[PDB]
Amino acid sequence: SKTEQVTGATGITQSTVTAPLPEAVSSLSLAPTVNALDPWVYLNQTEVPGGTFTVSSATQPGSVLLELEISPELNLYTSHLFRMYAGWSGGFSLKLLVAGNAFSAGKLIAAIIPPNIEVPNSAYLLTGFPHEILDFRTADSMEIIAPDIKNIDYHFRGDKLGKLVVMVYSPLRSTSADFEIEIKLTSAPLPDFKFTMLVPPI
Amino acid sequence: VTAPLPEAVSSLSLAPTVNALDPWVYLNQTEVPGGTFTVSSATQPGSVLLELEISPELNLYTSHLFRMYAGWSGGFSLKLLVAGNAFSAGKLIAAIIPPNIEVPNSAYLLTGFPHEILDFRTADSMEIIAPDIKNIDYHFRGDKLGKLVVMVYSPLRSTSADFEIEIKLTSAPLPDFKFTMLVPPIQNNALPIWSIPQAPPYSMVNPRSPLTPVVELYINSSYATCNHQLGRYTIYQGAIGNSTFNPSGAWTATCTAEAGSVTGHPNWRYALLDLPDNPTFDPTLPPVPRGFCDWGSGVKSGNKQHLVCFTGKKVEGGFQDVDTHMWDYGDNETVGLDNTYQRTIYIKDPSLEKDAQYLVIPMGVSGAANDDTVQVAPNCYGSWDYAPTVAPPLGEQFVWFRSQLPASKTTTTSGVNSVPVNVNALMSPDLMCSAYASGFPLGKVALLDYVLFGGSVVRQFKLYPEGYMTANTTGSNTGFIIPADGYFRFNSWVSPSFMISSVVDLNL
Amino acid sequence: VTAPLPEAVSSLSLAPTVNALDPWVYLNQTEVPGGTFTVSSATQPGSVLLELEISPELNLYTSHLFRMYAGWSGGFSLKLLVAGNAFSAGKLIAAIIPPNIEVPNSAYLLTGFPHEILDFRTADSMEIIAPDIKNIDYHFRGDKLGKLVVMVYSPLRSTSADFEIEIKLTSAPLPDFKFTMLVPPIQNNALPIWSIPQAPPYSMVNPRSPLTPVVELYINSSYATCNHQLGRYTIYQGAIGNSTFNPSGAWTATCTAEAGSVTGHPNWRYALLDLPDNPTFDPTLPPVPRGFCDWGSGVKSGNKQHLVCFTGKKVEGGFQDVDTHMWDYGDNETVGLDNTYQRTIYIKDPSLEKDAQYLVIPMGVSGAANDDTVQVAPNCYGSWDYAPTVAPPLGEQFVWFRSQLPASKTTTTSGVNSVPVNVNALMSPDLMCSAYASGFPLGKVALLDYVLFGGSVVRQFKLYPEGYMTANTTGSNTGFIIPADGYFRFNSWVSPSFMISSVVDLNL
Amino acid sequence: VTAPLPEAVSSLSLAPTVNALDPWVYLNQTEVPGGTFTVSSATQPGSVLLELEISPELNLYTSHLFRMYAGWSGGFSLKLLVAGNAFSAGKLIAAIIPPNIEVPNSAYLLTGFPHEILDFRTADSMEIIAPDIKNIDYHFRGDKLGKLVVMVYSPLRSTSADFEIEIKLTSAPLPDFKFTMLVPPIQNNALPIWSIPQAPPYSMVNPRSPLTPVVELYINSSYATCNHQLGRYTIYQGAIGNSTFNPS
């Protein structure tokens with residue numbers, strides 16, 4: 001899905017909904033109990049903890065600006081809820097908010113790294129993974145349907161989890177203001193997210 | 001529009017086996033290896049920016065897959081990513097080039113071939129199909145192949161901000177692409193990736209100055225050209241000119257020490273260098289011992305520039321009375337041989353016997369000679385194929401392994417006193433060793449990352465196949481240095497004309 | 001019979017994407033990397049000859065394919081090839097061990113597992129199915145996997161010919177094999193093939209004697225152990241002990257020339273070596289400069305064994321009055337320090353000033369020293385993880401890199417007169433440089449072919465990961481040599497106990 | 001097993017004429033010219049013992065037929081005959097190399113190619129199919145062709161008798177073999193048979209001593225080399241050095 005809007009007169013703003021990797025819902029047939037969530041949780045995006053990161057022209061080109069495990073820790077409420085449960089399963093929805101200016105030059109790239117896979121160090125290689133591309137001077141946001149990569153019915157604590165990587169695709173060369181372009185994410189669990197095996201909250 | 005020329009599918013009825021591909025390979029678009037370039041206001045019209053031959057090397061996965069197979073067939077679909085802006089003016093146009101049909105050197109004769117154009121201002125990607133052109137059922141290794149050439153539909157006139165535009169290409173094989181005739185995965189085609197070992201430069205050897213560890217990397221705008229003959233290595237040929245893979249082992253040499261003197265306040269005498277690899281002094285082989293010496297003392301000097309070498313008298317078992325003596329190439333008075341590769345040399349041993357083998361160890365340099373004189377190298381003329389001069393592209397500075405040469409002096413009558421000096425080497429064999437295993441894609445350059453402070457600073461360098469490194473600079477300096485922390489890292493393949501985004505300011 | 005344990009096909013329901021394979025891969029059988037071993041009457045009973053994890057590493061094509069994907073699932077079909085003759089009596093047993101099950105140590109017990117027994121005389125190939133025993137939908141890298149174990153069921157009692165029997169394996173994936181999650185093809189796993197550069201040994205550097213080209217390969221049955229600390233490189237840890245990748249650069253060092261003297265017909269004075277890498281003399285770091293010197297003059301010889309080092313006095317800019325002097329390690333009389341790595345050393349300079357920096361070059365040896373004395377290095381004491389001593393397996397001998405050291409003498413009062421000697425090196429970094437690019441499969445050894453006269457004569461050596469080469473010898477000699485023509489070639493991966501077919505006769 | 005690589009039958013659509021073969025040729029197996037070699041424990045590892053181009057030269061009848069035609073197309077069926085005994089330990093590998101592919105130098109690698117492995121003790125004949133790998137409708141003289149390569153897979157370690165083993169090959173064209181373009185039978189290719197005249201040596205001239213009839217054949221272990229310049233003739237260059245065809 002993609003929607004476009006005019007911006008005050010000169011320029012356009014694009015909002016897209018990408019799903020680069022086909023999510024595979026787990027039947028959860030092996031979970032002793034399936035615990036639902038408060039429906040209002042799914043409808044509340046929140047800042048991603050540690051999702052505040054920065055890059056610049058001087059930044060190591062091709063260096064991951066952000067690595068985030070797709071886990072309950074992404075959202076405030078799921079992180080709090082997870083303390084009352086033993087296992088979990090489901091993907092997440094993520095939105096991108098970056099801090100540039102009129103002289104921050106290039107393009108952005110985001111990709112999903114399966115678990116246990118080494119993270120590359122060059123935009124050239126990152127294109128191998130499923131990915132997406134953007135503009136830098138934008139005021140709009142892009143949404144990613146991050147799937148939950150697993151080979152088991154549900155996760156216990158301590159598993160290995162997939163990552164999301166964001167990185168500069170066409171490095172800075174305008175260097176007029178020469179400022180640091182911080183980054184900001186928001187996320188919320190997907191509708192199929194579930195918990196299991198209520199346990200005392202410690 | 002997006003399909004300027006429909007593809008002519010081959011039945012493949014004549015192939016012993018048709019090997020299908022993983023279907024998901026078709027649906028994912030990846031960056032084209034070596035399909036990156038930049039255009040600036042300084043680029044000339046009619047200049048070729050990118051030249052690729054339609055083959056499995058246009059995609060990461062097909063390139064890796066191709067090492068298993070002996071044949072292939074099919075075209076490719078190409079997207080074009082342009083990081084343009086609102087102020088830039090101009091356009092590009094490229095033509096699919098059937099094999100043996102040439103491209104016009106002008107922007108009028110290109111619209112004929114299935115092509116397409118876009119505005120530099122577009123934020124989206126324009127798709128062009130590059131079909132496979134053949135007169136046979138399928139390709140083997142080593143045939144003619146069509147090419148894709150990128151040309152300027154209109155040069156940059158914007159100059160309201162005067163900055164570059166970066167272009168990148170992504171490709172995916174067409175649905176009719178196929179392989180055939182599985183074979184063991186060892187082939188001569190270049191790998192799409194060149195994972196390098198983490199060896200810091202100070203751990204490498206200095207071809208032009210063994211026994212002196214590499215201490216730093218040097219950039220000097222003054223050194224606009226290189227004529228050295230020792231630290232010359234090439235991907236395709238390996239060692240070039242008078243180079244060797246064991247510089248320390250071949251550092252020493254011997255001379256016959258023939259009689260005859262020349263004018264000078266002290267007494268100088270001639271000598272001829274032995275050529276074990278060239279027993280007959282024919283003009284079609286190198287005239288000097290392999291990997292011997294190229295200090296390049298000076299153009300003309302008899303009392304102010306001299307080379308200091310350890311010398312000894314040959315005897316049974318080894319040599320005797322090894323001491324330090326002054327020496328130089330050719331003959332000072334004569335022209336055309338004062339600074340050239342040959343056998344005649346000087347000696348500072350009045351008691352030098354006739355037709356006696358003598359040891360020579362280049363070692364220290366003495367007198368006014370300095371690292372800039374060291375950058376000068378003795379001239380080579382002959383049928384011995386001395387390497388052609390190599391220079392950084394204009395707007396770029398050659399990268400060298402700097403070294404420190406300690407001086408040698410004497411309080412007694414030892415004979416000679418030397419002076420401190422620095423030595424520059426174009427390339428080190430240790431870095432080039434890994435490349436030989438994985439060849440470079442034809443007509444492409446390697447973009448490397450130099451991590452210094454644990455991932456806090458980067459110096460981006462271009463490593464050309466000829467065996468030299470270059471960087472992008474703006475200032476003007478003669479003593480810019482970089483630490484030797486090391487950890488070279490591979491980034492990607494780029495065209496020779498690609499301009500490095502990162503810029504090193506020499507004024508600081 | 002061929003399928004004792006049925007294979008269970010996974011539904012792959014949790015896999016985001018299922019990537020199929022080229023159908024023709026299933027129909028071709030290739031050799032199993034590292035799936036070679038030998039057996040003879042000397043083999044101990046109950047010893048596991050082979051142990052392979054059931055993974056995509058069992059087949060050439062799958063191994064190369066696996067570099068693209070993140071997960072896999074499916075079993076394999078295996079065949080065993082035996083090279084026995086009519087006089088071979090005995091039997092073999094091959095079994096499949098599920099994960100988390102300890103392997104017993106008696107053929108009697110292995111029969112419980114799904115197994116298959118074959119005779120040594122069989123000329124055909126016995127086929128065995130190896131299913132994928134997994135607890136999960138599919139596999140990621142680093143899981144616990146089932147194993148295939150081969151061990152002697154009935155010992156070789158014929159002992160008629162008493163010759164080695166060689167076993168090889170081939171494999172092909174089962175029809176249900178699958179991959180998943182296409183990813184860029186870059187991994188840290190060792191490649192199944194290790195194509196080597198065609199660099200002859202004489203083109204390589206000698207770690208223990210730079211400036212002296214390697215002249216030949218040396219085999220000596222007397223040298224049953226190696227305790228060197230310079231030419232030590234390991235595949236899994238790079239340089240070991242005091243080794244370095246640029247031996248020429250680190251050849252020189254310096255000493256402070258502290259006051260004090262020891263008894264002797266001449267006058268000897270102490271000096272402490274500088275430790276730039278170890279500014280504080282802590283016990284957990286090397287006590288000598290990296291890659292400095294390991295001549296090993298002698299166990300106890302003050303008036304007979306001496307080392308000659310070029311020595312000069314430190315001054316501004318450089319050094320003054322460089323000349324040859326005799327030196328050794330520590331004080332001869334004292335035990336535990338007469339021949340050991342440490343800062344204290346002898347000097348043959350009576351006019352040696354207090355606490356003055358001086359230059360040292362390992363240079364050569366003098367006195368009554370010979371090759372045997374130089375071979376043994378000084379003892380190492382402390383807790384600075386020095387390189388341990390190693391020995392070859394019974395029936396094999398080391399292969400060394402030989403070099404010739406010319407002697408230096410004087411007709412005047414220079415002070416010293418060195419003697420000709422040869423230097424042996426366990427390994428050369430140039431050869432090991434390629435191996436780092438293509439790692440070694442875990443628990444395996446590389447079998448190399450050495451071609452000398454354009455293919456007419458070929459030798460075979462085993463290159464252990466510890467960093468030494470061994471050859472199978474039958475005679476007894478102390479001066480066997482081999483030409484340095486070169487052109488090393490990689491053959492295949494073999495077990496550490498593999499017996500080389502080719503035998504070098506030392507009696508000729 | 002016997003057909004690792006399937007054979008593709010060409011349509012022969014571009015052939016002006018398709019000339020069939022005598023059907024009984026397909027049913028007879030003849031020795032492969034030059035398809036003989038020996039192997040022993042002294043054989044160096046990794047050395048290619050044999051290398052044959054897949055062409056009409058592999059069979060006697062086809063070779064003679066080929067002198068009539070300009071083009072051909074089709075594969076061959078091959079058999080290997082080994083003359084080992086019960087004391088021979090080792091194995092052989094035979095592989096098919098497609099055109100423009102370099103032959104490796106390690107049995108470990110050859111297993112990638114469509115191959116077949118046989119033991120030295122086997123008394124029967126191992127059959128292998130050698131298809132015609134071509135990029136074109138049919139073949140003219142002088143093309144690049146696929147190859148058959150035979151090399152030692154496992155060395156002879158028995159060394160009990162230490163005797164030579166002799167290997168021979170036989171071949172017959174596959175049912176889809178075809179010819180084209182009948183032409184007069186004259187070619188410069190070497191004939192598979194070299195029937196020699198029954199001329200005794202004493203009836204021949206001595207280049208280094210005319211007027212003296214050859215009286216006997218001589219063998220001397222001392223003469224380890226020859227540097228003569230008169231009695232030197234080579235098949236590919238005729239007389240060499242100062243030699244001549246009329247020494248007298």
# chains A, B, ... in the order shown; residues from 1 in each chain; ligands from 1

$ closest_atom_pairs --of "range 57-136 of chain A" --to "range 156-179 of chain A" --cutoff "9 Å" --atoms "only C-alpha atoms" --output "JSON lines"
{"residue": "A:57", "atom": "CA", "partner": "A:172", "partner_atom": "CA", "distance": 4.8}
{"residue": "A:58", "atom": "CA", "partner": "A:172", "partner_atom": "CA", "distance": 8.5}
{"residue": "A:61", "atom": "CA", "partner": "A:171", "partner_atom": "CA", "distance": 7.2}
{"residue": "A:62", "atom": "CA", "partner": "A:167", "partner_atom": "CA", "distance": 6.8}
{"residue": "A:63", "atom": "CA", "partner": "A:167", "partner_atom": "CA", "distance": 6.9}
{"residue": "A:64", "atom": "CA", "partner": "A:167", "partner_atom": "CA", "distance": 5.6}
{"residue": "A:65", "atom": "CA", "partner": "A:167", "partner_atom": "CA", "distance": 5.6}
{"residue": "A:66", "atom": "CA", "partner": "A:165", "partner_atom": "CA", "distance": 5.6}
{"residue": "A:67", "atom": "CA", "partner": "A:165", "partner_atom": "CA", "distance": 5.3}
{"residue": "A:68", "atom": "CA", "partner": "A:163", "partner_atom": "CA", "distance": 5.2}
{"residue": "A:69", "atom": "CA", "partner": "A:163", "partner_atom": "CA", "distance": 4.6}
{"residue": "A:70", "atom": "CA", "partner": "A:162", "partner_atom": "CA", "distance": 5.9}
{"residue": "A:71", "atom": "CA", "partner": "A:161", "partner_atom": "CA", "distance": 7.4}
{"residue": "A:86", "atom": "CA", "partner": "A:156", "partner_atom": "CA", "distance": 6.5}
{"residue": "A:87", "atom": "CA", "partner": "A:156", "partner_atom": "CA", "distance": 4.9}
{"residue": "A:88", "atom": "CA", "partner": "A:156", "partner_atom": "CA", "distance": 7.2}
{"residue": "A:100", "atom": "CA", "partner": "A:179", "partner_atom": "CA", "distance": 8.4}
{"residue": "A:101", "atom": "CA", "partner": "A:177", "partner_atom": "CA", "distance": 8.3}
{"residue": "A:102", "atom": "CA", "partner": "A:177", "partner_atom": "CA", "distance": 8.8}
{"residue": "A:103", "atom": "CA", "partner": "A:174", "partner_atom": "CA", "distance": 5.6}
{"residue": "A:104", "atom": "CA", "partner": "A:172", "partner_atom": "CA", "distance": 6.1}
{"residue": "A:105", "atom": "CA", "partner": "A:172", "partner_atom": "CA", "distance": 4.8}
{"residue": "A:106", "atom": "CA", "partner": "A:170", "partner_atom": "CA", "distance": 4.1}
{"residue": "A:107", "atom": "CA", "partner": "A:169", "partner_atom": "CA", "distance": 5.0}
{"residue": "A:108", "atom": "CA", "partner": "A:168", "partner_atom": "CA", "distance": 4.8}
{"residue": "A:109", "atom": "CA", "partner": "A:167", "partner_atom": "CA", "distance": 5.5}
{"residue": "A:110", "atom": "CA", "partner": "A:166", "partner_atom": "CA", "distance": 4.4}
{"residue": "A:111", "atom": "CA", "partner": "A:165", "partner_atom": "CA", "distance": 5.3}
{"residue": "A:112", "atom": "CA", "partner": "A:164", "partner_atom": "CA", "distance": 4.7}
{"residue": "A:113", "atom": "CA", "partner": "A:163", "partner_atom": "CA", "distance": 5.1}
{"residue": "A:114", "atom": "CA", "partner": "A:162", "partner_atom": "CA", "distance": 4.7}
{"residue": "A:115", "atom": "CA", "partner": "A:162", "partner_atom": "CA", "distance": 4.4}
{"residue": "A:116", "atom": "CA", "partner": "A:160", "partner_atom": "CA", "distance": 6.9}
{"residue": "A:117", "atom": "CA", "partner": "A:162", "partner_atom": "CA", "distance": 8.5}
{"residue": "A:119", "atom": "CA", "partner": "A:165", "partner_atom": "CA", "distance": 8.6}
{"residue": "A:122", "atom": "CA", "partner": "A:167", "partner_atom": "CA", "distance": 8.9}
{"residue": "A:123", "atom": "CA", "partner": "A:169", "partner_atom": "CA", "distance": 6.0}
{"residue": "A:124", "atom": "CA", "partner": "A:169", "partner_atom": "CA", "distance": 8.6}
{"residue": "A:126", "atom": "CA", "partner": "A:165", "partner_atom": "CA", "distance": 8.9}
{"residue": "A:133", "atom": "CA", "partner": "A:169", "partner_atom": "CA", "distance": 8.1}

$ select_by_dssp --residues "range 37-225 of chain D" --states "helix (DSSP H, G or I)" --output "ChimeraX atom specification"
/D:56-58,60-66,107-110,201-203

$ write_last_selection --atoms "C-alpha atoms" --output "tab-separated table (two decimals), in the first residue's frame"
chain	number	residue	atom	x	y	z
D	56	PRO	CA	33.98	-40.33	-34.58
D	57	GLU	CA	37.62	-41.32	-33.98
D	58	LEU	CA	36.57	-43.45	-30.99
D	60	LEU	CA	36.93	-48.15	-36.10
D	61	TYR	CA	33.87	-48.21	-38.34
D	62	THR	CA	32.80	-44.63	-37.65
D	63	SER	CA	36.36	-43.40	-38.14
D	64	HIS	CA	36.46	-44.97	-41.59
D	65	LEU	CA	32.94	-43.75	-42.37
D	66	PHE	CA	33.79	-40.21	-41.27
D	107	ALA	CA	40.59	-36.94	-7.91
D	108	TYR	CA	38.74	-35.25	-5.05
D	109	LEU	CA	37.48	-32.61	-7.48
D	110	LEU	CA	36.63	-34.86	-10.43
D	201	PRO	CA	65.86	-54.05	-41.80
D	202	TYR	CA	68.88	-55.32	-43.74
D	203	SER	CA	67.01	-54.18	-46.86

$ calpha_fit_rmsd --fixed "chain C" --moving "chain B"
1.0 Å

$ select_by_dssp --residues "range 184-314 of chain B" --states "strand (DSSP E or B)" --output "ChimeraX atom specification"
/B:214-219,226,233-234,238-239,253-255,261-262,268-269,271,273,305-314

$ closest_atom_pairs --of "chain D" --to "chain C" --cutoff "6 Å" --atoms "only C-alpha atoms" --output "JSON lines"
{"residue": "D:86", "atom": "CA", "partner": "C:86", "partner_atom": "CA", "distance": 5.6}
{"residue": "D:87", "atom": "CA", "partner": "C:85", "partner_atom": "CA", "distance": 5.6}
{"residue": "D:89", "atom": "CA", "partner": "C:85", "partner_atom": "CA", "distance": 5.3}
{"residue": "D:90", "atom": "CA", "partner": "C:83", "partner_atom": "CA", "distance": 5.2}
{"residue": "D:106", "atom": "CA", "partner": "C:491", "partner_atom": "CA", "distance": 5.7}
{"residue": "D:111", "atom": "CA", "partner": "C:30", "partner_atom": "CA", "distance": 5.0}
{"residue": "D:112", "atom": "CA", "partner": "C:30", "partner_atom": "CA", "distance": 5.6}

$ interface_residues --of "chain B" --to "chain C" --cutoff "6 Å" --atoms "only C-alpha atoms" --output "MDAnalysis selection string"
chainID B and resid 19:20 22 203:205 211:213 246 248:249 317:321 406:410

$ interface_residues --of "chain C" --to "chain A" --cutoff "7 Å" --atoms "only C-alpha atoms" --output "PyMOL selection string"
chain C and resi 14-16+70+136-138+141+183-184

$ residues_around --residues "residue 9 in chain C" --least-positions-apart "4" --cutoff "9 Å" --atoms "only C-alpha atoms" --output "list in words"
residues 73, 74, 132, 176 and 177 of chain C

$ write_last_selection --atoms "C-alpha atoms" --output "mmCIF file, in the first residue's frame"
data_model
loop_
_atom_site.group_PDB
_atom_site.id
_atom_site.type_symbol
_atom_site.label_atom_id
_atom_site.label_comp_id
_atom_site.auth_asym_id
_atom_site.auth_seq_id
_atom_site.Cartn_x
_atom_site.Cartn_y
_atom_site.Cartn_z
ATOM 1 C CA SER C 73 16.397 -29.470 6.528
ATOM 2 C CA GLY C 74 16.719 -32.989 5.147
ATOM 3 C CA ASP C 132 18.009 -35.820 9.741
ATOM 4 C CA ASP C 176 13.263 -34.003 0.721
ATOM 5 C CA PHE C 177 16.223 -31.671 1.297
#

$ residues_around --residues "range 19-36 of chain D" --least-positions-apart "4" --cutoff "6 Å" --atoms "only C-alpha atoms" --output "list in words"
residues 58, 59, 167, 168, 169, 170, 171, 172, 173, 178, 179 and 180 of chain D

$ residues_around --residues "residue 84 in chain A" --least-positions-apart "3" --cutoff "7 Å" --atoms "only C-alpha atoms" --output "ChimeraX atom specification"
/A:81,198-201

$ residues_around --residues "residue 37 in chain A" --least-positions-apart "3" --cutoff "12 Å" --atoms "only C-alpha atoms" --output "compact mmCIF listing (two decimals) with N, CA and C atoms, in the first residue's frame"
# COMPACT_ATOMS: atom_id res chain seq x y z
N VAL A 34 -3.20 -20.06 25.83
CA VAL A 34 -3.00 -18.89 25.00
C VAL A 34 -3.64 -17.71 25.71
N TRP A 40 -6.61 -2.61 23.23
CA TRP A 40 -6.10 -1.26 23.05
C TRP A 40 -4.58 -1.21 22.94
N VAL A 41 -3.88 -2.25 23.38
CA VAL A 41 -2.43 -2.25 23.25
C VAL A 41 -2.03 -2.24 21.78
N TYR A 42 -2.72 -3.03 20.95
CA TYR A 42 -2.36 -3.11 19.54
C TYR A 42 -2.48 -1.77 18.83
N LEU A 43 -3.27 -0.84 19.37
CA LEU A 43 -3.57 0.41 18.69
C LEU A 43 -2.79 1.58 19.25
N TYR A 77 4.42 -1.34 26.68
CA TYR A 77 3.44 -2.13 27.40
C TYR A 77 3.72 -3.62 27.30
N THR A 78 4.08 -4.11 26.11
CA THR A 78 4.44 -5.51 25.99
C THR A 78 5.65 -5.83 26.86
N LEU A 81 4.24 -6.15 30.21
CA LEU A 81 3.42 -7.35 30.31
C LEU A 81 4.27 -8.60 30.36
N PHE A 82 5.37 -8.63 29.61
CA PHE A 82 6.15 -9.85 29.48
C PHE A 82 6.65 -10.36 30.82
N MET A 84 4.95 -10.88 33.38
CA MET A 84 3.93 -11.71 33.99
C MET A 84 3.73 -13.04 33.27
N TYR A 85 4.53 -13.33 32.24
CA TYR A 85 4.33 -14.50 31.41
C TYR A 85 5.65 -15.22 31.22
N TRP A 88 6.13 -16.20 24.53
CA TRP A 88 5.48 -15.25 23.64
C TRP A 88 5.67 -15.70 22.21
N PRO A 189 2.75 -4.33 18.85
CA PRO A 189 2.60 -5.73 18.45
C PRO A 189 1.56 -5.91 17.36
N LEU A 190 1.77 -6.91 16.52
CA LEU A 190 0.82 -7.24 15.48
C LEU A 190 -0.40 -7.94 16.07
N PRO A 191 -1.50 -7.99 15.33
CA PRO A 191 -2.73 -8.56 15.89
C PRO A 191 -2.59 -10.00 16.36
N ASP A 192 -1.69 -10.78 15.79
CA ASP A 192 -1.55 -12.18 16.13
C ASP A 192 -0.62 -12.42 17.32
N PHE A 193 -0.07 -11.37 17.91
CA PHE A 193 0.81 -11.54 19.06
C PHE A 193 0.06 -12.17 20.22
N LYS A 194 0.74 -13.04 20.96
CA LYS A 194 0.12 -13.74 22.08
C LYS A 194 1.17 -14.03 23.14
N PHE A 195 0.69 -14.26 24.36
CA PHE A 195 1.51 -14.68 25.49
C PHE A 195 1.08 -16.08 25.91
N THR A 196 1.69 -16.59 26.98
CA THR A 196 1.35 -17.93 27.44
C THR A 196 1.91 -18.17 28.84

$ atom_distance --atom1 "CA of residue 366 in chain C" --atom2 "CA of residue 423 in chain C"
13.9 Å

$ residues_around --residues "residue 150 in chain B" --least-positions-apart "2" --cutoff "8 Å" --atoms "only C-alpha atoms" --output "list in words"
residues 48, 49, 50, 51, 92, 93, 94, 95, 148 and 152 of chain B

$ write_last_selection --atoms "N, CA and C atoms" --output "compact mmCIF listing (two decimals), in the first residue's frame"
# COMPACT_ATOMS: atom_id res chain seq x y z
N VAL B 48 32.41 7.82 -21.14
CA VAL B 48 31.76 6.59 -20.73
C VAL B 48 31.86 6.48 -19.21
N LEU B 49 30.71 6.34 -18.56
CA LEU B 49 30.68 6.23 -17.10
C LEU B 49 30.62 4.78 -16.64
N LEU B 50 29.98 3.91 -17.40
CA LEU B 50 29.79 2.53 -16.98
C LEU B 50 29.74 1.64 -18.22
N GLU B 51 30.47 0.53 -18.17
CA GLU B 51 30.49 -0.43 -19.26
C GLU B 51 30.43 -1.83 -18.67
N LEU B 92 20.41 11.44 -18.65
CA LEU B 92 21.26 10.35 -19.08
C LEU B 92 20.52 9.49 -20.09
N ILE B 93 21.28 8.77 -20.92
CA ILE B 93 20.70 7.81 -21.85
C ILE B 93 21.75 6.75 -22.15
N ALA B 94 21.35 5.48 -22.06
CA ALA B 94 22.24 4.35 -22.27
C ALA B 94 21.67 3.46 -23.36
N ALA B 95 22.54 2.70 -24.02
CA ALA B 95 22.15 1.86 -25.15
C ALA B 95 22.66 0.44 -24.95
N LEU B 148 26.41 -3.07 -22.00
CA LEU B 148 25.59 -1.92 -21.64
C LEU B 148 26.51 -0.73 -21.39
N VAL B 152 25.89 10.49 -21.55
CA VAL B 152 25.26 11.71 -21.07
C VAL B 152 24.27 12.23 -22.10
